[PDB]
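Chains as they are written, first to last, in the authors' numbering: chain U, 40 to 357; chain l, 547 to 603; chain h, 2 to 106; chain i, 1 to 347; chain e, 53 to 150; chain q, 1 to 459; chain V, 2 to 141; chain k, 1 to 98; chain g, 2 to 122; chain C, 54 to 105. Beta carbons are placed, not taken as given, at the ideal position from N, Cα and C, and that holds for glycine. See below for the structure under consideration.
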Amino acid sequence: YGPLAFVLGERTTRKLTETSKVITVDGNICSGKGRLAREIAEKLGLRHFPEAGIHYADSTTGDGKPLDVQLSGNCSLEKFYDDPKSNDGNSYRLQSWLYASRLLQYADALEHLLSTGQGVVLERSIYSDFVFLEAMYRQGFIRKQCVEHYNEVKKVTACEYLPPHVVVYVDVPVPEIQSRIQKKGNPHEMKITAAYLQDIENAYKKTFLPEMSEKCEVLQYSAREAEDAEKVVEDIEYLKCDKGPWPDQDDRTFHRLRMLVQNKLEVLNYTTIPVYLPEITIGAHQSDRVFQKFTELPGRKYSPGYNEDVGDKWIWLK
Amino acid sequence: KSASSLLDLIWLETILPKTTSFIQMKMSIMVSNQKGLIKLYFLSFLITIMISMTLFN
Amino acid sequence: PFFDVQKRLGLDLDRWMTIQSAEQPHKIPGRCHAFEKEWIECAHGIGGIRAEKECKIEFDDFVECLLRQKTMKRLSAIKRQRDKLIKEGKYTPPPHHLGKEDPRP
Amino acid sequence: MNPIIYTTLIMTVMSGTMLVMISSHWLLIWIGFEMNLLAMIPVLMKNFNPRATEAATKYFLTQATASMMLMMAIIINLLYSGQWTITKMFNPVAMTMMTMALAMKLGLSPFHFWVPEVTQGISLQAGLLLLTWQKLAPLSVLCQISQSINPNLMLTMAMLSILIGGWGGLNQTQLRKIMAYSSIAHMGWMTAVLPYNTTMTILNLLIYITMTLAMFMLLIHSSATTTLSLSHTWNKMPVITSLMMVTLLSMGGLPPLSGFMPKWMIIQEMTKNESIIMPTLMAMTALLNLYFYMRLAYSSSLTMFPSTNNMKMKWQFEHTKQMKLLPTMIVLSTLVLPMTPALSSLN
Amino acid sequence: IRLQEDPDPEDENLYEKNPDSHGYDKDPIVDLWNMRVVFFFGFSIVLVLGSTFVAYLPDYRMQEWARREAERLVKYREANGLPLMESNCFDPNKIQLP
Amino acid sequence: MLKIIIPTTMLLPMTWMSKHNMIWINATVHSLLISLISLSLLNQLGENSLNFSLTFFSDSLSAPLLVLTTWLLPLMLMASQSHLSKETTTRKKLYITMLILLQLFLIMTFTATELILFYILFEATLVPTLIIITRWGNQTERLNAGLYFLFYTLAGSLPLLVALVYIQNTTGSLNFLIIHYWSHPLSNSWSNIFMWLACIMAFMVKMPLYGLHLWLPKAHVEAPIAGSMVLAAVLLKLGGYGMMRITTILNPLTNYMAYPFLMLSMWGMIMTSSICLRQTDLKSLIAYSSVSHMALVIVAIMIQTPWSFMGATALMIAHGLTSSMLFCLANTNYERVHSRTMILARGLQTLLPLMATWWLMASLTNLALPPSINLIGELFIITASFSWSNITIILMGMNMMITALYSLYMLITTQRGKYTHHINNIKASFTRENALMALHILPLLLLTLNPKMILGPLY
Amino acid sequence: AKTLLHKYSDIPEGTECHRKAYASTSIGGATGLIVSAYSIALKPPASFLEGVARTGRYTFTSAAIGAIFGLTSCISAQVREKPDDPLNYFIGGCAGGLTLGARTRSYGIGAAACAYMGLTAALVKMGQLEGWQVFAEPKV
Amino acid sequence: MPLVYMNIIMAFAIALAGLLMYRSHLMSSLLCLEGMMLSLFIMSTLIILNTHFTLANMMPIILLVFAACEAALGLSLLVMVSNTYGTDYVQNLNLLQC
Amino acid sequence: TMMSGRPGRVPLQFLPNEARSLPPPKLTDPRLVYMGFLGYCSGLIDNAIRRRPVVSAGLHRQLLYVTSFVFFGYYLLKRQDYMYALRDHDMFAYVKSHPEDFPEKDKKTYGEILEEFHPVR
Amino acid sequence: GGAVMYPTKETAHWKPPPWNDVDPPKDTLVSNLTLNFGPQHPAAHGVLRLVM
């Protein structure tokens with residue numbers, strides 16, 4: 040797809056239909072939002088994107104298998120759970136990497152929607168990722184400069200994307216979440232404190248949900264309410280479509296958005312803004328070594344299709 | 547003292563390399579005043595036009 | 002880079018208005034058609050360097066026709082001398098120059 | 001902007017330049033300039049920003065003033081000659097006014113002030129067009145009237161352009177402003193040989209166009225507009241920054257790279273006309289341009305700067321947009337010195 | 053200030069992995085062959101054969117030729133009474149002095 | 001002459017298409033073979049130069065320098081194998097290609113028949129050198145050093161370009177043969193004076209004249225070992241070769257215009273030798289010694305007597321070899337102690353015995369010990385200058401005394417005394433380093449048996 | 002422009018030192034007025050009086066430099082009896098540079114200006130004697 | 001030349017000086033542009049009529065057409081500045097420096 | 002502008018018909034080989050930029066680069082040779098038609114000319 | 054980094070341009086016209102003050 044396709048006649052407004060919507064199922068840690076998102080995707084027929092983790096980009100690029108931590112992410116959620124005030128900047132590095140992963144995820148979702156026409160059901164979004172960062176800052180895990188860098192990066196990337204038509208939020212309370220975590224099994228998750236979850240909920244209910252309600256509809260369900268997929272699906276099928284700036288979109292802005300989301304490097308252009316925060320600033324020697332290690336991975340040396348080691352052939356005529 | 551510091555590391559360098567680079571830096575600061583106002587360099591254009599008409603006839 | 006596509010393809014896009022001696026509607030001649038014709042025919046093919054110095058009399062006549070600077074200077078001198086003579090009473094304008102004789106048809 | 005509308009505007013800019021380079025009537029040259037400005041302003045403002053609007057307004061004001069002065073010069077030449085053809089202008093005052101107007105259009109100093117601002121305001125895509133294609137028409141007009149050009153005024157403008165371009169380039173950290181000042185210096189270099197030999201001006205224009213196309217396309221391929229942002233490109237794509245270093249060395253005028261061709265031929269032609277002080281001063285002043293190019297080469301490839309953690313994700317993806325002319329422009333701007341005797345084809 | 057690798061330890065002695073090292077690379081076989089190549093093509097060829105080639109280089113400087121010509125000229129000058137070396141590099145009869 | 005140019009070019013695809021375990025081996029093999037082939041250029045005629053074609057020629061001045069370059073390339077590879085061992089394959093290939101391009105450019109400078117082609121290539125030599133100095137240098141001063149060097153050279157050389165083009169326009173040709181046969185005297189007008197300067201200052205910057213020498217210490221200290229090797233062995237002799245080539249069209253104005261440069265060099269030799277007496281950095285001491293040695297070549301060229309030119313050529317070859325070996329020894333010491341401070345590591349005569357002998361022999365050659373070619377060149381230049389003026393002998397003798405003093409002081413400070421206690425990383429010297437020193441020394445000692453080869457075209 | 006140039010050059014070297022100095026002063030004053038106008042245009046003064054003061058300072062500096070250069074060159078030509086020696090112009094240029102340093106009240110500026118100005122004035126004198134063309138007419 | 005030519009050239013010069021000397025508003029600069037265009041129209045028209053260059057009587061109309069095209073360009077740029085800054089003041093155009 | 006205003010010059014014509022009287026550049030010309038080398042380097046840089054095997058990937062693309070560069074270089078060299086031949090022809094004709102401006106000089110041998118000797122002491 | 058390579062006291066106060074060159078929009082909101090469609094108006098039935 041390119042300017043030629045738009046000129047020749049390929050317009051996205053034709054592809055958009057009743058169920059051509061992007062749905063973000065939000066919620067606090069271990070709120071069961073994933074099952075609700077999957078059930079919404081199954082019944083509405085939309086495509087389901089599992090929440091973007093550290094190795095989400097590894098799934099879309101290459102073999103779809105996660106790479107090493109040294110190469111893909113240089114951060115650990117388990118380390119953040121164990122030591123959230125580490126001097127390695129692992130907390131903010133993980134937060135920035137997760138924001139970048141969700142930015143790529145949103146781009147892939149919008150692309151899929153604008154090309155195939157099928158709707159998308161995402162778990163949380165770049166618009167909801169700031170909740171974790173604000174919780175970390177309130178807990179004191181990250182300093183003010185990290186928050187400033189995150190805001191600077193976000194204000195340059197999120198503006199070029201349309202907010203989701205529907206925002207489904209699960210509202211499992213903090214003590215129930217604590218009980219689920221202490222029964223989940225993962226000791227690292229068990230290491231999560233109470234004020235962290237409380238601040239996550241505070242951010243969700245003070246900034247995200249009101250601001251999202253300013254743009255579009257925001258469906259809300261408790262633990263019991265979210266367990267009825269038919270009830271949640273019926274609400275989506277009868278929401279007022281006026282909500283969201285998507286009706287204010289023509290083929291021009293749609294062409295711009297489709298051009299943007301197809302170029303992943305253009306999507307992630309401002310993720311690597313040259314702000315030299317000690318928490319994310321990788322040194323020259325380490326950068327060189329890690330890049331050389333990445334280049335030596337099978338299939339990661341040349342462009343996709345020209346790596347003879349991974350079975351690609353006809354390269355002389357390709 | 548008289549050679550190693552005084553001439554080589556000080557005067558020889560001060561006479562040619564250091565002085566020239568400093569002059570170039572000052573001229574760079576002057577030229578790139580970082581103002582960006584049309585009201586100024588359009589007046590400069592007027593002055594230039596008048597001067598060219600006077601000199602080159 | 003004067004890419005002379007007009008002379009190559011034979012098209013005439015703007016050479017019809019370059020001079021006043023070219024063809025004009027209803028054959029309305031230019032005020033200095035003769036002088037420009039002489040200047041152009043003199044300086045045709047000999048090059049600009051030669052044309053500046055060789056066909057200089059023709060160009061001077063053309064400029065004089067166009068601007069009449071020297072003719073105006075002569076007329077101004079005549080007018081000034083006539084005014085000076087009238088001030089001293091050394092001259093008397095003729096009746097045909099005083100609006101006393103009927104001009105010929 | 002609709003792609004059809006953008007293509008029509010680009011074709012209108014090109015048609016204006018071709019009208020300037022094709023007509024034999026002064027009125028049509030002025031018409032081509034007007035069409036170029038009319039179709040260039042929205043191209044400058046393709047991406048709507050306050051900086052883009054400011055750049056468009058400044059460019060429009062400068063080009064409008066230049067076009068008014070050019071038309072006044074044309075009218076005076078008609079008054080004193082009764083001629084519209086592009087030939088030996090017959091009035092010195094009209095010649096001076098036209099020279100000032102054309103220098104303002106080219107950006108020759110002291111009409112250089114708008115170039116760094118308009119270039120910085122617009123994107124790289126528009127900056128490339130502004131610094132490469134917008135120099136064709138005024139240079140062609142100057143080459144057609146080189147006989148009537150007062151050599152003193154043109155030489156003073158060229159020398160001032162080189163000096164000011166070098167001095168301005170030293171204090172700049174924005175890549176677009178560095179490119180604008182380098183363009184000013186190279187325009188001075190081109191206009192230095194206009195009264196002597198126009199084919200050398202054409203050769204310098206071609207070499208500069210190739211070098212600037214290569215540099216701007218590399219910047220687009222790196223999506224870098226500052227030294228710090230360009231520094232990160234060593235980690236993701238070392239080939240791009242190495243080619244950028246080579247092209248910067250070429251722009252400095254260092255042999256055996258292609259950038260030595262225009263300066264060498266210009267010095268030759270100016271020494272053939274017994275001018276020895278002016279080419280020497282120009283060669284010495286080119287060292288400032290060479291200085292800021294070298295500083296950029298250090299920050300980009302010769303030395304490695306600290307990257308950011310998020311470049312790990314960018315490592316996985318490959319560039320989608322493909323500029324087919326970039327390798328050819330890089331090669332022609334670096335390894336064409338063994339081919340100078342091809343100068344005759346430009347005659 | 054940055055997440056950077058600790059300075060690598062000072063260059064590991066190649067004697068550690070292979071006590072016979074000859075310097076050069078790390079692989080013992082390529083070390084041996086690099087040493088053989090360097091010593092051979094440096095001493096046995098371009099040094100020995102080079103010095104012999106430059107020692108028996110044919111006399112194109114014409115030193116022996118010049119000496120023989122000088123001997124013949126001296127014989128002619130002394131036998132015939134000529135004053136050995138003249139005082140003019142060119143014959144005055146062909147000089148049109150102002 | 002293409003018998004040497006074509007293999008030098010073919011070195012590049014060879015190294016680029018060679019396995020990562022064979023770049024150094026192949027490079028060394030074929031650089032040594034190229035040097036062996038270029039040895040055939042030493043068969044110079046007595047009077048006429050070897051005119052291979054319209055573009056390339058070689059006389060008894062060009063041939064020794066060509067052989068020196070073709071011989072020095074393998075030495076540079078061997079010296080640079082060590083520190084460039086953990087680098088990636090692509091960057092190692094890039095470094096090798098930079099060295100090859102430098103060698104090719106040097107060959108085409110020393111063989112060029114046209115002054116403008118000579119200028120083009122002799123300024124083209126800057127790019128590989130600058131890159132080598134600013135990319136693979138170890139310190140943070142490598143960036144300033146590269147700028148100083150580059151800008152000193154360019155500010156010297158651009159007026160040379162202007163003057164060469166002016167001469168082409170006026171005389172009709174820049175070919176060395178034609179410009180030598182169709183030579184004409186220069187008048188004492190200011191225009192001729194400034195043409196003389198424009199032609200002279202470019203090479204005066206290259207072989208560092210006292211006052212324009214500030215770039216040499218920075219360049220030689222901050223650059224890697226191979227870069228310092230070329231800069232000291234060939235890139236300084238470029239200026240001397242250019243001056244000896246161009247002085248043909250600069251007479252008789254030289255007689256009167258050489259006084260400032262003659263005095264500058266004859267005092268700068270003493271000044272720089274005294275500076276060497278009080279240096280704390282080994283590489284800086286070697287660089288200032290190089291300045292002092294090149295002052296003699298400058299004097300010899302500016303005097304324009306046959307003995308002066310012979311001494312200049314001999315000194316150029318000898319000094320190139322000696323300075324390259326000294327830089328290699330300093331590089332070994334640095335790679336051992338990771339510091340260039342002379343007083344840091346002491347008593348190396350007891351830990352590295354053979355390296356001590358190499359240091360001793362290199363210092364003896366540096367101080368012009370008979371019958372080394374260093375002394376041959378120095379004595380020829382001294383005799384020429386004494387014939388020029390008897391007063392010169394005072395400065396010449398003082399310079400010789402101070403050179404011996406600082407060379408033996410370096411030998412005593414480095415390879416003598418009590419060993420540094422805390423230093424424990426001094427391992428036994430490798431076969432590679434000893435072979436490098438042997439390849440530096442043996443041609444130098446052998447040249448004393450056939451000094452006629454490096455005595456220049458005036459022998 | 003060329004009127005002042007021929008008002009200065011037509012005066013023979015080492016003759017009419019007062020008139021030569023006056024012509025050099027006029028040239029310097031014109032240059033200073035040009036510089037003042039450009040400075041006012043590019044770097045606007047806060048008040049009209051401030052602009053007048055800036056113009057006066059620049060004009061006085063330039064005119065003093067020109068007057069000192071002319072007087073020094075003519076006096077050197079008179080005393081040394083060598084009208085065609087560039088050393089006279091070198092001394093005049095160094096004197097002008099010293100006056101520039103005095104006006105700016107900086108010894109380093111004074112010394113640097115003396116050196117560069119003296120060199121440039123000597124170059125100008127050499128070009129006048131030999132016939133060097135800064136702006137060469139197209140001849141090919 | 002006749003005095004009317006002098007007056008029209010002086011009017012063009014005055015309009016050019018006015019355009020080059022901004023005060024506050026961008027509207028007045030466009031006014032000076034239109035004034036210069038009008039002066040050029042009058043000059044060209046007088047020249048064509050006086051010399052009876054019949055075929056060139058269409059030149060002033062083309063000049064006027066492109067004049068009001070430039071005026072429309074200026075007006076559109078003016079509205080964008082006002083939309084982006086609230087006033088058409090020329091001082092708001094300050095982001096781009098040097 | 003020299004050759005631009007030559008009589009009979011047809012505008013926008015790359016090779017005039019009179020150029021055919023000159024020998025075409027040989028297909029083994031070193032300049033043509035250098036044009037092919039430039040094309041090959043362009044192909045290598047194209048491979049390098051797109052992150053594919055530099056020396057093996059896309060043989061057809063590199064072949065096209067070389068062919069186009071050689072083709073345009075051949076035509077460019079032919080035009081250059083034609084223009085230099087035109088320059089020499091015009092110079093010779095002008096010299097022949099202006100004998101006064103280019104007079105033969107008296108040929109004095111060095112035995113007759115007095116060139117001053119400047120000693121080197 | 055920064056606006057210029059050799060900043061001065063005046064220039065040091067000036068910050069680098071935005072990363073995407075999008076200058077933050079100004080808050081100089083355009084004021085409306087509070088026309089008084091007052092009582093006297095014929096369409097206001099004589100006793101209606103309409104502040105629009």
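Taking 8 Å as the CB-CB cut-off, is residue i touching chain i?
i: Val80(V); result: no
State buried or exposed for residue i, treating a residue as buried only when at least 16 other CB atoms are found within 10 Å of its CB.
i: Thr52(U); result: exposed
i: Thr99(i); result: buried
Beta-carbon of residue i versus every beta-carbon of chain l: anything under 8 Å?
i: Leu214(q); result: yes
i: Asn49(i); result: no
Helix, strand or coil for residue i? Go by DSSP, reduced to three states.
i: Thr320(i); result: coil
i: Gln259(U); result: strand
i: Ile149(i); result: coil
i: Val160(U); result: strand
i: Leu55(e); result: strand
By Cβ distance, which residues of its chain are closer than 7 Å to residue i, with the 5 residues on each side in sequence left out?
i: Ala80(U); result: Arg86, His87 and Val160
Within a Cβ cutoff of 8 Å, which residues of the same chain sit near residue i, ignoring the five residues on either side of it in sequence?
i: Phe261(q); result: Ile200, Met204, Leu209, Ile298 and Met302
Could you check whether the Cβ of residue i sits closer than 8 Å to any Cβ belonging to chain U?
i: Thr241(i); result: no
Is residue i close to chain g? Criterion is C-beta to C-beta, closer than 8 Å.
i: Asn255(q); result: yes
Would you please verify whether the beta carbon of residue i is less than 8 Å from any beta carbon of chain q?
i: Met311(i); result: no
For residue i, which residues in the same chain have their Cβ closer than 6 Å to its Cβ, ignoring the five residues on either side in sequence?
i: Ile100(q); result: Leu11 and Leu12
I want to check one thing, is the minimum distance from the CB of residue i to the heavy atoms of the ligand MN below 7 Å?
i: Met45(i); result: Although the ligand MN was asked about, the structure shown includes no ligands whatsoever.
Any Cβ of chain C within less than 8 Å of the Cβ of residue i?
i: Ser567(l); result: no
Next on the checklist: By the 7 Å beta-carbon criterion, what residues does the region 299–314 of chain U contribute toward chain C?
Outcome noted: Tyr309 and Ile312
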